[PDB]
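Enquirer: If you scroll down you'll find the structure; I have some questions about it.
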Amino acid sequence: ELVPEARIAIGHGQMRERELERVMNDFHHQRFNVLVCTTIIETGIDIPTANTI
DNA sequence: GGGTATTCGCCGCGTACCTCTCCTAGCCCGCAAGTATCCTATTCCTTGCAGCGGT
């Protein structure tokens, strides 16, 4: 609601594997810009196109 | 005023030696030591509805 222009998904390790895997795969293919994420992305996930945290 | 009486408060009460115990209460502040929520692995199982042989 704050930013209607953005496409938002949710990614964390406490949801089912077939869902988190597909969500992360979609994020690679630019299917959405913002990804509300937990600290699971603190370990060195590259995703070069992402340049604002 | 004053001579008298009455009260009040201060000062004082032996030497020498031996044994023993015990010498502030409480607060604060920082050390440090022991605890409730968040992700990625693990062992723990108990239901719901469609196929499906088989007759």
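Enquirer: If you count, for each residue, the other Cβ atoms within 10 Å and average over each peptide, how do A:38-48, A:4-14 line up from highest to lowest?
Expert: Going by the mean number of other Cβ atoms within 10 Å, highest first, we get A:4-14, A:38-48.
Enquirer: How are the C-alpha pair distances of chain A spread across 5 Å bins, as whole percents from the shortest bin up?
Expert: Taking every Cα pair in chain A, the percentages come to 4, 18, 31, 28, 14, 5.
Enquirer: Shifting gears a bit: Give me the percent relative contact order of chain A, please, defined on Cα pairs under 8 angstrom at least 6 residues apart.
Expert: 41 percent
Enquirer: For a Förster distance of 25 Å, can you work out the FRET efficiency between the beta-carbons of A:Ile40 and A:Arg18, rounded to the nearest 0.05?
Expert: Using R0 = 25 Å, I get an efficiency of 0.95.
Enquirer: So, one more: Is there a quick way to get the dipole size of chain A? I mean about its Cα centre, with the Cβ of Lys and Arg at +1 and of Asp and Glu at -1; what is the value in debye to the nearest 20?
Expert: 140 debye
Enquirer: For chain A, what is the calculated [θ] at 222 nm in deg cm²/dmol (nearest 500), taking -39500 (n - 2.57) for each run of four or more DSSP H residues and dividing by its residue count?
Expert: Only helices count here, giving -7000 deg cm²/dmol.
Enquirer: I would also like to ask the following. Mind checking which of A:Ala6, A:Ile45, A:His29 is farthest towards the positive end of chain A's charge dipole, using Cβ charges of +1 (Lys, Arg) and -1 (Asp, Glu) about the Cα centre?
Expert: Projecting each Cα onto the dipole axis, the largest value belongs to A:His29.
Enquirer: OK, next. Taking K and R as +1 and D and E as -1, what net charge do the other residues with C-beta under 14 Å from the C-beta of A:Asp26 add up to?
Expert: Charge balance in the 14 Å sphere: +2.
Laboratory data are not the source of any read-out in this text; all were calculated from the coordinates shown. Cβ coordinates were reconstructed from backbone atoms using ideal geometry, including for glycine residues, and neighbour counts include every protein chain displayed.
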